[PDB]
Amino acid sequence: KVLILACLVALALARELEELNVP
Amino acid sequence: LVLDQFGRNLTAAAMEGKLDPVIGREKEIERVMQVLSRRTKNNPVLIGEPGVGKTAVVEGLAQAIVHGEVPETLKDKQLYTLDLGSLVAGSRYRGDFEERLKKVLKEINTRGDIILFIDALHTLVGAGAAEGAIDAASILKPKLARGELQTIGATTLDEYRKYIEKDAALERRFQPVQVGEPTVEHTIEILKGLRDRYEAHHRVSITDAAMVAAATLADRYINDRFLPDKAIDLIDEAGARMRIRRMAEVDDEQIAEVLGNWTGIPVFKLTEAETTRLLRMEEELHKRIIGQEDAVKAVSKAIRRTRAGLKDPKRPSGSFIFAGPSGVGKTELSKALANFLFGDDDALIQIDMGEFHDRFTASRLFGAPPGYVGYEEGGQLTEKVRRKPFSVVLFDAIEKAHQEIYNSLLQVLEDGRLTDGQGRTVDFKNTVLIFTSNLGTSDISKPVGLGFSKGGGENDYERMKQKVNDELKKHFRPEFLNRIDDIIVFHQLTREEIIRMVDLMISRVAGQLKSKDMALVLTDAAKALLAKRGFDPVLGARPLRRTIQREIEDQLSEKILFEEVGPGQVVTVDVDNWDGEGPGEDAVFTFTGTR
Amino acid sequence: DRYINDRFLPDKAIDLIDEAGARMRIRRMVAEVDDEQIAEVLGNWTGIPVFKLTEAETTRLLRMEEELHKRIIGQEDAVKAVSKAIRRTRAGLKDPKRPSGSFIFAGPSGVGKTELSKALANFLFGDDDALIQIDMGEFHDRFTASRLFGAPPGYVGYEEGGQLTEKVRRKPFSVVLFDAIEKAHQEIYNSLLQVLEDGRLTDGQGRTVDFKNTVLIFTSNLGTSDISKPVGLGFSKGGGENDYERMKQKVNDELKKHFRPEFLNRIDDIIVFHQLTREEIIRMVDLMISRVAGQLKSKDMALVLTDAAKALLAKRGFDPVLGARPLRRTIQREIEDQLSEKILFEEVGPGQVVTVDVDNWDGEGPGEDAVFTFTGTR
Amino acid sequence: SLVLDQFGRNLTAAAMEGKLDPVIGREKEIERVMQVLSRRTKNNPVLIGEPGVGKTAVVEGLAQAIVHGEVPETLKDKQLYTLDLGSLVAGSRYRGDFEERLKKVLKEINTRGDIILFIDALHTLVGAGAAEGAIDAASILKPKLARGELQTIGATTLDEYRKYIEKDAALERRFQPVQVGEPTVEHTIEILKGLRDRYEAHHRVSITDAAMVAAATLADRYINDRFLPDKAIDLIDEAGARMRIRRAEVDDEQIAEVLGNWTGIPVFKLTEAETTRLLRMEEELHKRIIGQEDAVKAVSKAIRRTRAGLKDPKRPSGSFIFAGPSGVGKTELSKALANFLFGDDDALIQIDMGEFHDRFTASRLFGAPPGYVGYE
Amino acid sequence: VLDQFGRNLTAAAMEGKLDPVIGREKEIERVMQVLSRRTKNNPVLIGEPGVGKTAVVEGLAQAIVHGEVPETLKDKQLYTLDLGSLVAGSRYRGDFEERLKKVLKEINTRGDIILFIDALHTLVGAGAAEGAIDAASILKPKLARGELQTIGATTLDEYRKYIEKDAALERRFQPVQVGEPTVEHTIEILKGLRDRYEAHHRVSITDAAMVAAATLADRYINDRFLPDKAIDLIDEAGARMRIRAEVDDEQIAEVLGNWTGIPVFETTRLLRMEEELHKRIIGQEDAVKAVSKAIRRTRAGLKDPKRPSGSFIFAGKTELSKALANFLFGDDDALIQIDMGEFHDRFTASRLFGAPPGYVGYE
Ligand SMILES: Nc1ncnc2c1ncn2[C@@H]1O[C@H](COP(=O)(O)OP(=O)(O)OP(=O)(O)O)[C@@H](O)[C@H]1O
Ligand SMILES: Nc1ncnc2c1ncn2[C@@H]1O[C@H](COP(=O)(O)OP(=O)(O)OP(=O)(O)O)[C@@H](O)[C@H]1O
Ligand SMILES: Nc1ncnc2c1ncn2[C@@H]1O[C@H](COP(=O)(O)OP(=O)(O)OP(=O)(O)O)[C@@H](O)[C@H]1O
Ligand SMILES: Nc1ncnc2c1ncn2[C@@H]1O[C@H](COP(=O)(O)OP(=O)(O)OP(=O)(O)O)[C@@H](O)[C@H]1O
Ligand SMILES: Nc1ncnc2c1ncn2[C@@H]1O[C@H](COP(=O)(O)OP(=O)(O)OP(=O)(O)O)[C@@H](O)[C@H]1O
Ligand SMILES: Nc1ncnc2c1ncn2[C@@H]1O[C@H](COP(=O)(O)OP(=O)(O)O)[C@@H](O)[C@H]1O
Ligand SMILES: [Mg+2]
Ligand SMILES: [Mg+2]
Ligand SMILES: [Mg+2]
Ligand SMILES: [Mg+2]
Ligand SMILES: [Mg+2]
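What counts and how
- Residues numbered from 1 in each chain as written, not as in the entry; some residues may be left out.
- Chains lettered and ligands numbered in written order.
- Part of a larger assembly, values for the part shown.
- Heavy atoms only, no water.
- UniProt positions renumbered as here; feature names shortened; annotations may be inferred.
- Patch = residues over 30% accessible without salt bridge, like charges linked within 9 Å, V, L, I, M, F, W, Y side chains within 5 Å.
- Areas by Shrake-Rupley, 256 points an atom, 1.4 Å probe, with all protein chains shown as cover.
- Salt bridge = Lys/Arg side-chain N within 4 Å of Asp/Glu carboxyl O.
- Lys, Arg positive; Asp, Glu negative; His and termini not counted.
- Charge placed at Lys NZ, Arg CZ, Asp CG, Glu CD.
- Helix = DSSP H or I, 4+ residues; strand = E, 2+ residues; numbered from the N terminus.
- Buried < 20%, exposed > 50% of the residue type's maximum accessible area, 1.4 Å probe, protein only.
- Contact = heavy atoms within 4.5 Å.
- Buried area = accessible area lost by both parts, 1.4 Å probe.
- Polar contact = N/O pair within 3.5 Å; in protein donor to acceptor, adjacent residues only side chain to side chain.
- Nonpolar A, V, L, I, M, F, W, Y, C, P; charged D, E, K, R; others polar.
- Core = buried A, V, L, I, M, F, W, Y, C linked by side-chain atoms within 4.5 Å.
- 1 Å grid on protein atoms, 1.4 Å probe; cavity = no way out; pocket = protein on both sides within 12 Å on 5 of 7 lines; lining within 4 Å.
- Points joined across faces, edges and corners; volume = space filled by probe spheres on them.
- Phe/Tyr/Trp six-rings, centres within 6.5 Å; stacked < 30°, edge-to-face > 60°.
- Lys NZ or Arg CZ within 6 Å of the ring centre and 35° of its normal.
- Axes fitted to C-alpha atoms, helices over the stretch in contact; angles between N-to-C directions.
- Parallel < 35°, antiparallel > 145°, perpendicular 65-115°, else oblique.
- Left-handed = near helix turned anticlockwise from the far one by under 90°.

What the entry reports as its method is cryo-EM, with 2.2 Å given for the resolution.

Looking at the PDB entry, chain D carries the name ATP-dependent Clp protease ATP-binding subunit ClpC1, with the source organism given as Mycobacterium tuberculosis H37Rv.

You'll find chain B entered in the PDB entry as ATP-dependent Clp protease ATP-binding subunit ClpC1, with Mycobacterium tuberculosis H37Rv given as the organism. Reading the Function entry of the UniProt record for chain B gives the comment "ATP-dependent specificity component of the Clp protease. It directs the protease to specific substrates. Can perform chaperone functions in the absence of ClpP (By similarity). Degrades anti-sigma-E factor RseA in the presence of ClpP2." UniProt, in its Sequence similarities section for chain B, records the words "Belongs to the ClpA/ClpB family. ClpC subfamily."

Encoded structure:
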């Protein structure tokens, strides 16, 4: 007689990122 | 300059005349001129919906600077659309992007006549993020707060919320100048001002009717796009079609055809064959709907109101409750209407409301709200109507829904709106909403009524209408039934109509035997025997479908499998002949193939 | 400090001084900024009219009622009460701790509950797309309240979060329509009473939204399942007492027990709408017809009904219990679908369309036999 | 080019070498793309269809129209490049190196001036160097797409246009959605006839004209997760591959046996031992069901109606109520029918309705609605 | 490489760095029975947190250096691969999968490695919770072919929540039910740990100190489990000896008085039960000795194995039951009033016993 509400989270999305070289 | 490497001199474009004219927007450009003329935060961000002319305001400021229509504290200041992506491009070492951005800011202090225009200002967050280097906005945030840098931003209202308002220090340093979506009368003036640039490009002539058409038909029939752009889209694409004619006028009809090809909504002026198809609309729905003339007329009037341009533009094309007995063609007219309007029954948006058993299955219509699973999908109903705005939406077995699913659909009927869980309002203003109910017959069908009364045959239809319309008022809230354009209680199928249903249902069987190199003749004595044995006066044509299945098909299916009636001509004559009259339940069909 | 819920004081104030000083600099291409030069800047920024308004804008507020009565027919105390709300806040006499106006538009369906909210938004803004219309029948259980507020952060949809709180954050002066408020869940009211008490409202991201300047309309259809039936139980002598007296009690009784009394406390006027009369349905005809005539003028045609044709439409298009939706249904069954055939016939093109009933109508009777006749001219 | 060949493939050069499949029909859709591409403000069509309705084919049919000169003289001899955004991101370990490569591409558009980009899967443009509120490939193109300085055809599905392009609502503005509809069966047969020489040469088979009809008709009937101009080709190629593994002709029965292996629905030409199985079908069910002749006949009439091709295509094969007293073979005939049709009692889908006495257990049939546990 | 995410249990066994396990050698035999399989030779130790599941493979590692293993398990090196340590320090795309492939590279190289993935429920949901590549989808090809021997260890709840719900993963792992010990099994566990304690704490531990650590932890601790909470009591017993050597039973009753909080430690107090109940109730002393009387049978003498500890009808009343709860194990707040006057209907019968699922009042 009563709903449950799954309530989907959002994720942080483990990221690629460019970096910077220096010579 | 070095500033030309990372930007576009926007007043040099206005001097060369390769910026489009910006008609109207006097209050918005003047407002930018105020914020640029400050001393603490010289920084207007133009926020508005996507396509309302935020970039147009600045390139209309660039023309105002060139034409000298600008304040003396803003006179001869050159706008530079700062390409942040070109500042990033090439910054592979640490402190290149920072060195490029500080070098750009040196040439704004030394020249002193620079106004940056960071279009897509939300992209200023990031753009130096390499996690071994600092942000692009973090370089600008000291100079933005103290007036040391005049920077116009432009961001959509979504992307201002999503990316600028989540950095409250950067949001603080810009003044939100609202660029509103223009009115239709303002958009016509924009299109009259842009008239030269689209005539010169397409080598066409765009009559003033086509501006009024482009701004009115885009504001009416498009809801995912904004006016000073969706009307330009109609002018530009119709001018492109007249160029493709020669591979010169663009008028009211040329715009409405582009709007028709884009939205799918037929709004264009008509051929003689399509006009007379709408006058024969009842007669062509009666090629599939036997009888039921009250309802065939009712959906034909709703379509002819739409194609005459007499539809109430804030409401759907038609709201119908197809009520009455089971099997008399309530779903079948919704199929036939979708076959008329489109050519198939797969274009019928058929929401089977028996699948809706509690309140919370209304989340199938308009999607899950934010924060819940299936928020990525906008609902079954709101998407199918957003893809095809001109639709026939069948809510089959509407009384089998929970009573709180009508309340979701109340403002679909009155306003043509159903805002989904994602928040997009879907246009139902061009749909034909058909509700199908068996209420008031899911029982009264059984002949005889509690008590005494005169007549039967046409007073049991008035008994049907009174029973059905009272079961609708009992089941529905009176504000739902108030919003339905026509409630049609359907007739029970008479004996003469079940005879014509036989012609319609053998044609499905004969159409399948065409694929088997066979033909199916059905003699006129065999049409009468199916018509008697299939006639129930209170169900209609679904019992006939069973008799054609039991007596033609189930006997013909073994004759095909015996290979006794392979690719030939199945005649199907009656034998006992049932004397053509009286009962014929000692009669039998015989199937023989010749040729 | 009052009209900005987005920025902070030693700034949002400096910004009003700085943009008004820059306003009066481009007035000269010596000048002062006054309290009206500041409020003109703030009204330019928030959208909230707080400036010293012109005399053309003052006289249209004193004549707001007879400029709202151009669009809604009858409904006088409904129009007067929303006119008293706007004139109270534009006179600077608003309570700056509460919304600009809180109303329940209750009553029978079809009398102009949502039409007045649209007429109010067309008055205040020129558009009905400036009406924040929240269709509260879509809200049915307690989790759909996340549409009004946005998801909490970290739950998908926080990014686009808020279909009430964000368009009030971008337009703090806006008429917010809660159409069919009774068809919502009870826990949404416990979130919407924060608006009526405080004027603040935390969204899903925990941020208070300014509702002090909104005109909140709670269109309700409560107390109408017995007002769908025009005669009550038992003997009584005629109308005059029936049309309104009972309805207003039966609506208010249903509002007291469907809503918490804390909710009904903070609403400025619960207006029970009277159902439309015979003399108002005849003035509803030429408003329904002006939409139809306005579309034939787009096709370069003139629709003119005669007085007898207007009278016959009000005869058949009058249910006393519904009002103006059965009239609108009889317009499209007797004018529009007939004209849709005539235009598709090409028996009616440019020039006048004298739509007049001639079969009978005898100026009166039931006109059940009377038919509307359409005729081309010029 | 030199820099644009590294990051995409010339689709008009692939059409000169005849490496694109013939795109027959879709004239109103290719013309519509040419109408959008001939605009001046936003000359960026996006092909908005369902998976496999031929969105990539419309552009491949456009690239063949450019080569043949059946293109407008404002679109004449424009080299079309399927921009591979994976090739742009590949590399790019350093900052700006992705933004270099995209600005080198865009500079190569302006110098040549005869380039139409085709960003297949345009939803992948939303985020290709970073998120949306940072410099991605979408934010670099958005200035040039909005002013007609870049001609870019996109192609996403209906879901990818909702989930990704409408979630970047400024980019959706920049593209003009050309809806590529799923073809009809009559149009799919024309597609299959035009594609005949490509598949009868790759498989070295001979696909008859009836097998083209029996592919498009049977895929539109019996396949319901796929779309026509791809699911009928799936029947053509896999039957052409059926024949090549038999090493001369792809008939009706070769198509229908491929659909029978793929759907599980027996629609193929009946063998003579399987035909006489269906005439003895009542006697095969009476090996499990004692008596109940009127019931064994009725389910046998329904299966014979299906396998003779006299089933209503809008109805189930049979729809029976087995009523009567307890223990006379109601469930057993359903089990015996599943033994006849499959050899398994486990092939019977028993939905035991005594568990469904609640009003709310309807969600066990069709699943939970959005927002609920049991929506996945 | 593989030493960077866990220690070698086999090398710790031959250096004597492992506590000996006494009993649960039928559990070790079951794990060898899984590990000597061919195709899915991956046991998962099903238990609850502290019954000894690390101790099972601690005893398996001791069984390898003793040579008491099959020929498919001799010279095997056990590594307690902490997969949470693989997640730790992994901020980037692909950074997680790199140090899991470095682990699996040494599986292929050595060929004599048995991973002990403690907390195997973490395997689902290490990269994307099966939405993409997680640590489960990396291991599932090699786990299904016996090319990666992996001893999991998880709680029975977490096996059902994470490993059973992934039906592809549950066939790769073989549930070895490690049950909670008995009290008499816990005492003989602590006999072999006496040598480990007396060397470390500089204590001497008497015989019944084990009995008063295993019976007494079962009696007052219910969050923790037997072969851990009883080790805890002998641990904290020497932690009073580090304040100071022979431990008593009072030494364990001291350190459980720290842990749970009750100092009451039954025949003596059951006889003069009345006086500790008079300290809150004066007047109506006939009912005090009456509810003292029947409880002197139930907690002293004979008792059915299936009965509540006395059942009473009261007809102060509730003030006596609060003092009765204070004598019962040592706490005032054990008295739970249900307020049966707040229920009168039949559908409210599920509002105090639990709802059927789906319905109102499920919690
Ligand atoms: N006042 C105006 N006069 C003339 N053209 C206008 C005006 N406002 C907008 N336009 C035109 O309408 C289109 C809107 O594009 P524009 O770049 O201005 O959009 P925007 O509001 O900046 O939004 P976004 O950048 O997110 O697309 C352009 O063709 C622009 O030139
Ligand atoms: N008037 C009709 N003309 C043609 N076919 C009809 C008609 N009425 C019913 N049929 C046929 O009978 C069958 C059932 O028709 P349909 O589903 O439209 O009936 P219905 O009244 O909607 O039934 P229900 O109340 O059970 O939903 C179909 O095969 C349909 O073609
Ligand atoms: N003065 C008026 N009174 C009522 N309706 C009017 C009036 N003027 C126009 N209408 C039209 O009549 C229809 C019904 O009006 P409206 O929807 O405002 O009624 P309502 O009482 O709000 O209905 P509901 O109770 O169902 O919400 C609409 O099409 C509306 O535009
Ligand atoms: N009109 C057509 N003429 C010939 N072949 C066609 C036609 N339409 C589609 N096809 C073929 O059908 C298949 C459809 O694949 P295609 O990539 O074109 O579909 P799509 O709509 O882009 O789908 P997706 O979004 O999944 O990529 C291909 O083999 C394609 O060549
Ligand atoms: N006609 C029959 N032929 C063979 N077995 C039968 C027949 N009728 C019943 N049975 C036996 O009954 C069992 C399965 O049939 P079952 O009793 O489920 O029939 P039913 O009519 O579905 O009963 P109920 O109505 O009680 O569910 C088996 O033991 C089966 O052998
Ligand atoms: N059978 C046993 N013999 C000896 N010590 C044991 C035994 N079972 C558990 N232990 C003790 O348990 C501790 C190891 O933790 P463990 O019980 O294996 O945790 P878990 O059950 O969570 O894996 C050590 O103190 C160890 O001596
Ligand atoms: Mg812009
Ligand atoms: Mg139906
Ligand atoms: Mg309303
Ligand atoms: Mg494709
Ligand atoms: Mg049974």
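> Provide a residue-level description of a negative patch on the surface, including the pertinent values.
All names here are of chain B. Where like charges cluster on the molecular surface, the negative patch consists of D576, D579, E581, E585 and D586. Within the element layout of this structure, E581 appears in the loop between β18 (573-574) and β19 (589-590). Relative accessible area serves as the criterion here: at 52%, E581 is assigned to the exposed category.

> Which residues make up the interface of chain B and chain C, and what values do they have?
With 73 residues of chain B at the contact, the number on the chain C side is 70 residues. In this assembly, chain B packs against chain C so that about 6400 Å² is buried in total across both faces, 47% of it on carbon and sulfur atoms. Across the contact surface, chain B and chain C share 16 salt bridges. Where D15 of chain C meets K41 of chain B, a salt bridge forms, and the shortest distance between an N and an O atom there is 3.1 Å. Counting the contacts that link chain B with chain C gives 38 residue pairs in polar contact. Across the side of chain B that touches chain C, the residue classes break down as 25 nonpolar, 17 polar and 31 charged.

> I'd love a proper account of the arrangement of the chains, names of residues and values included.
Out of 8 pairs of chains that touch, the pair holding the most contacts is chains B and D. Taking C-alpha atoms as the reference, chain B and chain E come no closer than 12 Å and do not contact one another. Spatially, chain C and chain E are disjoint, and the shortest separation between their C-alpha atoms is 14 Å.

> Provide a residue-level description of the nonpolar core, including the pertinent values.
Counting residues in each nonpolar core, the largest one holds 175 residues, and the members touching the most others are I255, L337 and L556 of chain B together with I335 of chain C. Setting aside anything within four residues of it in sequence, one finds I335 of chain C in contact with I289, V292, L305, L313, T330, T355, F372 and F374 of chain C. One finds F6 and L124 of chain B together with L85 and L158 of chain D within the second-largest nonpolar core, a separate group that totals 63 residues.

> So, empty space enclosed by the protein: which residues are in play, and what are the values?
Looking at the largest cavity, its volume works out to about 380 Å³. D224, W262, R386 and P389 of chain B together with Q179 of chain D are the residues nearest the centre of the largest cavity, which is lined by 21 residues in total. Its residues assigned to classes, the lining of the largest cavity shows 10 nonpolar, 4 polar and 7 charged. In this structure, the second largest cavity occupies an estimated 230 Å³ of space. Residue lining of the second largest cavity: 19 residues in total, with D6, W45, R169, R170 and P172 of chain C positioned closest to the centre. Among the secondary structure elements, those contributing two or more residues to the lining of the second largest cavity are β6 (175-178) of chain B together with α2 (35-46) and α8 (165-169) of chain C. In terms of residue class, the lining of the second largest cavity is made up of 9 nonpolar, 4 polar and 6 charged.

> How would you explain the packing of aromatic side chains if you had to name every residue and give the values?
Inspection of the entire model under this criterion finds 22 aromatic pairs over all chains. A ring pair is formed by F360 of chain B and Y372 of chain D, whose centres lie 4.7 Å apart and whose planes are at 55°; its orientation type is tilted. In this pair, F360 of chain B is assigned in the loop between β10 (348-352) and α18 (363-366) and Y372 of chain D in the segment after α18 (363-366), connecting two distinct chains. Relative to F143 of chain C, the ring of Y372 of chain B has its centre 5.6 Å away and its plane inclined at 75°; by these criteria the two rings are edge-to-face. Taken together, the positions of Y372 of chain B in the loop between α18 and α19 (380-387) and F143 of chain C in the loop between β2 (132-135) and α7 (146-149) put the pair across two chains. Overall, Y372 of chain B belongs to the buried group, its relative accessible area being 9%. One aromatic cluster in this structure is built from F395, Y406, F435, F476 and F480 of chain B. The ring of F318 of chain C carries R278 of chain C above its face, with NZ or CZ at 4.8 Å from the centroid.

> Describe the side chain of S86 of chain B, listing the residues and the values that go with them.
Within the secondary structure, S86 of chain B sits in helix α4 (residues 84-88). There is a polar contact of 2.9 Å between the side chain of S86 of chain B and the backbone oxygen of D83 of chain B. Dropping the residues within four chain positions of it, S86 of chain B is found in contact with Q5, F6 and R100 of chain B together with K103 of chain D.

> Summarise the packing of helix α13 (residues 307-316) of chain C against helix α14 (residues 325-345) of chain C; cite the residues concerned and give the values.
All names here are of chain C. With their axes 9 Å apart at the nearest point, α13 and α14 run at an angle of 125° to one another. Considered as vectors, α13 and α14 are oriented oblique to each other. Note that α13 runs across α14; the crossing there is right-handed. Mapping the contact onto sequence places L313, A314 and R316 in α13 and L327, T330, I331, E334 and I335 in α14.

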